[PDB]
Amino acid sequence: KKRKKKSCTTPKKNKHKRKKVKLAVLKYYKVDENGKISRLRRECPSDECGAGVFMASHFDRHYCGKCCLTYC
Amino acid sequence: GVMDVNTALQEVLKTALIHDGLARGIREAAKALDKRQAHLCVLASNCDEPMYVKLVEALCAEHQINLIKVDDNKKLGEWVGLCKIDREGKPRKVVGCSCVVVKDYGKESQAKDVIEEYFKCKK
Ligand SMILES: [Zn+2]
């Protein structure tokens, strides 16, 4: 027997393309003229994600991308 | 001592490469500074982002961590090791680095001694 093609489905299921963001570190910190630094993003309460691993400021929740911890 | 001040950083950077104690890039450097596992930092004077410089300087100052200035980012990257060696021996492929953090020192007395003396002279 020979293989039939039958090439017809939903036109194209596209693959997710990751967003390109330039200098994402900067928006985590706010700066005053005096030289102070304030951390805009919350720090996760988990063990590993404690100091430099910031959370996600979603419109209705806080989300840590490293351990899937979520808060209201 | 015999080695120059500006050329004595190569030994420390090579030994940190070998012992895997380098944080490269602004994001890794900032995360290491927040983790305060850093020992010293290396900054590139030649840059087009004043906010980059302010953030690195303030993070170094507010974590009482010594900071070093380098001429250009491409030489910084060549020291760092993000390069490939040609048949003749020159690094045709160089990707520059703007900030570096040394997490673990290499077990070298001579390399650390000159940098510590320079930091004490600065203070
Ligand atoms: Zn977490």
# chains A, B, ... in the order shown; residues from 1 in each chain; ligands from 1
$ residues_near_ligand --ligand "ligand 1" --cutoff "9 Å" --atoms "only C-alpha atoms and all ligand atoms" --output "JSON, numbers by chain"
{"A": [43, 44, 45, 46, 47, 48, 49, 50, 53, 54, 55, 63, 64, 65, 66, 67, 68, 69, 70]}
$ interface_residues --of "chain A" --to "chain B" --cutoff "12 Å" --atoms "only C-alpha atoms" --output "PyMOL selection string"
chain A and resi 22-39+43+48-54
$ atom_distance --atom1 "CA of residue 79 (chain B)" --atom2 "CA of residue 104 (chain B)"
16.4 Å
$ residues_around --residues "residue 42 (chain B)" --least-positions-apart "6" --cutoff "9 Å" --atoms "only C-alpha atoms" --output "VMD selection string"
chain B and resid 66 to 70 76 98 to 102
$ select_by_dssp --residues "chain A" --states "strand (DSSP E or B)" --output "list in words"
residues 29, 30, 31, 37, 38, 39, 43, 54, 56, 57, 58, 61, 62, 63, 70 and 71 of chain A
$ atom_distance --atom1 "CA of residue 95 (chain B)" --atom2 "CA of residue 112 (chain B)"
26.3 Å
